[PDB]
Amino acid sequence: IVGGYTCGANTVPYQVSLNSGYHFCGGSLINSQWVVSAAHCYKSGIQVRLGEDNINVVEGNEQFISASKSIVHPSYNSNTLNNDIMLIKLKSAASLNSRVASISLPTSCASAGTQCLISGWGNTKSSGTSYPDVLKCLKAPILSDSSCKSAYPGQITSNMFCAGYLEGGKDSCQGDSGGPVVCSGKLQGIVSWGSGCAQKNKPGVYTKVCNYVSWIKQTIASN
Ligand SMILES: [Ca+2]
């Protein structure tokens, strides 16, 4: 997250870190057994880390649970990043508490202008490189589909939306991928892609979760 703020420990209780020896992507806890992330974050050997603030220090609220199964969306295209969503099942159920909590799925799509909270452990610089240990947060609005399409000609599908600031300076970034965009208490987006990070006229692009609720629910119900 570039241009954001330190969230505070366990203030984003649905945020998870995906770990394969090292943090590599975010995700969102949606029930005791299941995490939502980006399909481009797929790899084997995932350990889901819940209850994290500093990802390099054991602070006392963590739950580390190996994944048993990951399910990339049936129509994910890694070239275009269309349908950039996956589900990860935990080998054992998380113990839910005030610091480790699911986030609700939406019931309708969000609208341009809605404020959302974007979070992660990704790069905090737009030119350089600095990775934080504690979780970072950014409040940002959803942008109109027309401004999103104009910013990225030929690239924005109906399964994507833009959020952020056309002026630059405030965005998600590498290492935030897979993490949440939450608006009014609902998971509306997944950190997906962008041109660099925090660049003028290049807002962040996010997977449009509302399009996937049926698939998420039916997948959980039979897995
Ligand atoms: Ca920790």
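Net charge near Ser66: determine it from the other residues with C-beta under 12 Å of the C-beta of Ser66, scoring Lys and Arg +1 and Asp and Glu -1. Residues close to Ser66 contribute a combined charge of +4. So which trypsin sites (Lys or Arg not before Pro) in the stretch 1-106 are both in a DSSP loop and have at most 14 other Cβ atoms within 10 Å of their Cβ? Qualifying residues, ordered by number: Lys43, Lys91. With helices as the sole contributors, the chain gives -2000 deg cm²/dmol at 222 nm; each DSSP H run of n ≥ 4 counts as -39500 (n - 2.57), and the sum is divided by every residue.
Amide H contacts of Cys116: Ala140, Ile142, each under 5 Å away and 5 or more positions distant or on a separate chain (H built 1.01 Å from N in the peptide plane; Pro and chain starts excluded). Global dimensions of the chain from alpha-carbon coordinates: Rg and Dmax equal 15.9, 47 Å. For the chain, averaging the sequence separation of C-alpha pairs within contact (under 8 Å, six or more residues apart) and dividing by the residue count gives a relative contact order of 24 percent. FRET efficiency for the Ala221 to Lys149 pair, using the beta carbon distance and R₀ = 41 Å, is estimated at 0.75. For the stretch 14-145, a/c is less than 1.5, where a ≥ b ≥ c are the root eigenvalues of the C-alpha gyration tensor. That puts it in the rounded class.
Ranking of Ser37, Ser44, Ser147 by neighbouring Cβ atoms within 10 Å, starting from the fewest: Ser44, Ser147, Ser37. For the stretch 42-106, the square roots of the Cα gyration tensor eigenvalues, ordered a ≥ b ≥ c, give a/c of at least 1.5 with a/b greater than b/c, which places it in the prolate category. Length gained on full extension, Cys109 to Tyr22, computed as 0.36 nm times the residue gap minus the Cα-Cα distance: 28.0 nm. Of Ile88, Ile30, the sequence from fewest to most neighbouring Cβ atoms within 10 angstrom is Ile30, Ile88. Restricting the GluC sites (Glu not before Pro) of the stretch 39-81 to loop positions (DSSP other than H, G, I, E, B) with no more than 14 neighbouring Cβ atoms within 10 Å leaves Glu59. Which one, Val36, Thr124, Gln15, is farthest towards the positive end of the dipole of the stretch 1-149 when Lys and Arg carry +1 and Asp and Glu -1 on their Cβ? Looking along the dipole axis, the top candidate is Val36. Considering all different alpha carbon pairs of the stretch 149-202, the Kirkwood hydrodynamic radius works out to 11.9 Å. Charged neighbours of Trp34, selected by a Cβ distance under 11 Å, balance to +3 (K, R count +1; D, E count -1). The label-point distance for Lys91 and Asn61, in a model that sets each label 7 Å from Cα toward Cβ, rounds to 2.5 nm. On a C-alpha basis, how far is the centre of the stretch 130-184 from the centre of the stretch 51-116 in Å? Whole number, if you could? Their Cα centres are 17 Å away from one another.
Computed extension gain for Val134 through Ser184, at 0.36 nm per residue and net of the alpha carbon distance, reaches 15.6 nm.
In the stretch 106-223, Rg over Rh equals 0.98, where Rg is the alpha-carbon radius of gyration and Rh the Kirkwood radius from pairwise Cα distances. For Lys149, the shell of other residues with beta-carbons less than 14 Å away shows a net charge of +1, using +1 for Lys and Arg and -1 for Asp and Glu. Which shape class applies to the stretch 77-155: rounded if a/c is under 1.5, otherwise prolate when a/b exceeds b/c and oblate if not, where a ≥ b ≥ c are the square roots of the Cα gyration tensor eigenvalues? Prolate shape, in that a/c is at least 1.5 and a/b is the bigger ratio.
Taken together, the values in this text are just the output of simple stated rules run on the coordinates, not laboratory data. Methodologically, a virtual Cβ is constructed for each residue, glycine included, from the backbone with ideal geometry; neighbour enumeration extends over all protein chains shown.
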